[PDB]
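Chains C, A and G, in that order, are what the protein sequence lines are. Using the entry's author numbering, you'd call the opening residue of the first sequence number 184 and step up by one each time. Using the entry's author numbering, you'd call the opening residue of the second sequence number 183 and step up by one each time. Using the entry's author numbering, you'd call the opening residue of the third sequence number 248 and step up by one each time. See below for the structure under consideration.
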Amino acid sequence: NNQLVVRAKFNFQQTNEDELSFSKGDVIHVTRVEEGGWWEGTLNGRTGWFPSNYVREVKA
Amino acid sequence: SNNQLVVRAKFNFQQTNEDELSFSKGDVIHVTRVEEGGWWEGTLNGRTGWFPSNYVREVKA
Amino acid sequence: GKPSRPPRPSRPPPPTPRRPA
């Protein structure tokens, strides 16, 4: 199945478990896209929201 | 002595490095630097760092 | 078992990290 993946440009730290922490270089599998500056995705066993402009589209 | 601005966190913010300031909604932050660009600097509970300027509201002196 | 997760955080996202001149 085709999938959207993005790579973290900057670090981000969750404020709760509905948000996704990551480090620069992490590859995240996108699960939801919405207007407003927040996307949702999965990294290494967790799923949560994160700032869309902290990541860049790449290919799986 | 010198006047100092005070702000209160509107939202939670979690620092990603030691140059950023973590806080919970409601925390009272003493501002040390204001600049254009989305980030201000302040002190909280013995820590200093930058935080999103849109994440705080002013306190009337 | 794909759970039902909540909407976007109601707050605005933090800006990209500070990068002074």
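Think of the CB as a built atom: it goes at the ideal place given N, C-alpha and C, for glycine as much as any other residue.
Short CB-CB distance (under 9 Å) between residue i and chain G
i: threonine 198 (chain A); result: yes
i: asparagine 185 (chain A); result: no
Cutoff 9 Å: residue i Cβ touching any chain C Cβ
i: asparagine 194 (chain A); result: yes
Alpha-carbon to alpha-carbon, residue j and residue i
i: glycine 231 (chain A); j: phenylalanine 193 (chain A); result: 16 Å
i: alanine 243 (chain A); j: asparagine 185 (chain C); result: 56 Å
i: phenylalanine 195 (chain C); j: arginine 265 (chain G); result: 13 Å
i: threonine 225 (chain A); j: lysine 249 (chain G); result: 42 Å
Min CB distance residue i to chain A below 9 Å
i: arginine 255 (chain G); result: no
i: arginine 265 (chain G); result: yes
Contact under 9 Å by Cβ, residue i with residue j
i: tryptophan 221 (chain A); j: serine 235 (chain A); result: yes
i: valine 210 (chain C); j: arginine 190 (chain C); result: yes
i: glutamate 217 (chain C); j: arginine 255 (chain G); result: yes
i: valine 213 (chain C); j: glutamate 223 (chain C); result: yes
Residue interval of the beta strand (DSSP E) (run including residue i)
i: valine 210 (chain A); result: 210 to 215
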